[PDB]
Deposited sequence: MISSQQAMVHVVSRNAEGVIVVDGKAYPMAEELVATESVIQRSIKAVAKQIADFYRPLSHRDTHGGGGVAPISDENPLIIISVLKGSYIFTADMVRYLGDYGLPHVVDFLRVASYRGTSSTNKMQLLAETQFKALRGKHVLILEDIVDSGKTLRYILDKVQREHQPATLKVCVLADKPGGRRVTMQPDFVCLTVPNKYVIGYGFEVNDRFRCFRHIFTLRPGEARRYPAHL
């Protein structure tokens, strides 16, 4: 049970910790973790019945297994904490899977996947948030063209449906967030706030608090 209050300075306090950069609390760790574990069950239930290219035994089609696992591509740097939690829940539900990473920046690709045999494989992208939809459209087109997967789906921790600029509907969504700048649980302002266990909205203008390049 989380204790949420405001101190005399009007600042949000969660379990004794003050968040002076926060406007509102979106989700506590308990709510976030329950939502991720629920989507993990959905992903495991959806993929465990499926089959795809057998690269372990030289063809043809074979069930998703430890021999031929679901391929997960995690988008760095935003999705690493979400990914770490999600994979452990996928393991709890017994879904065979392997994870590789691509790195994008604001588009530029900074780091490519090292996986080289995704042709005819079921591929799932783990992403932090779908807001405008532009980042995912860039990643999806790149992965489809270079890897030619059997299927390509997207699981996001957060959906901000009010921010869309292009058509993007993830296949799996853990949480819906307000039409505001969110921080915490991987969400950042110049790499700050990613380690928070809860998700908050940012006080307006605080997005410029750390102008110095790291």
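- Counting the deposited sequence from 1, the stretches lacking C-alpha coordinates are 1-8, 115-123.
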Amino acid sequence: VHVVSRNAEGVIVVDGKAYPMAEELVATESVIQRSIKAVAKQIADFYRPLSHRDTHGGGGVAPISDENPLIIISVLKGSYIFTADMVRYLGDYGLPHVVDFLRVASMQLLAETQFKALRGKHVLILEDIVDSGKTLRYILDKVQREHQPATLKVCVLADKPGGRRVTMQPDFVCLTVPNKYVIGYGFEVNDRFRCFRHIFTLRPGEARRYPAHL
From here on, numbers count along this sequence of modelled residues.
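- In none of the other PDB entries of this protein that model the residues around it does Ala84 lack coordinates, well short of a third.
- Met107 is a gap in at least a third of the other entries compared, counting only those with both neighbours built.
- The question of which stretch, 113-121 or 91-99, has the higher mean Cα B factor is settled in favour of 113-121.
- Just going by the entry, 1-9 versus 205-213 on mean CA temperature factor gives the higher value to 205-213.
- Residues shown: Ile183, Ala40, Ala158, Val166. Highest C-alpha temperature factor in the entry: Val166.
- Ranked within its chain, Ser35 lands in the lowest third, by CA B factor from the PDB record.
- When the modelled residues of the chain are ordered by their C-alpha B factor, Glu29 lands in the lowest third.
- For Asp85, the recorded CA B-factor ranks within the lowest third of the chain. Only modelled residues enter the ranking.
- Ranked against the other modelled residues of its chain, the C-alpha B-factor of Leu76 as given in the entry falls in the lowest third.
- In the PDB entry, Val130 places in the middle third of its chain by CA B-factor.
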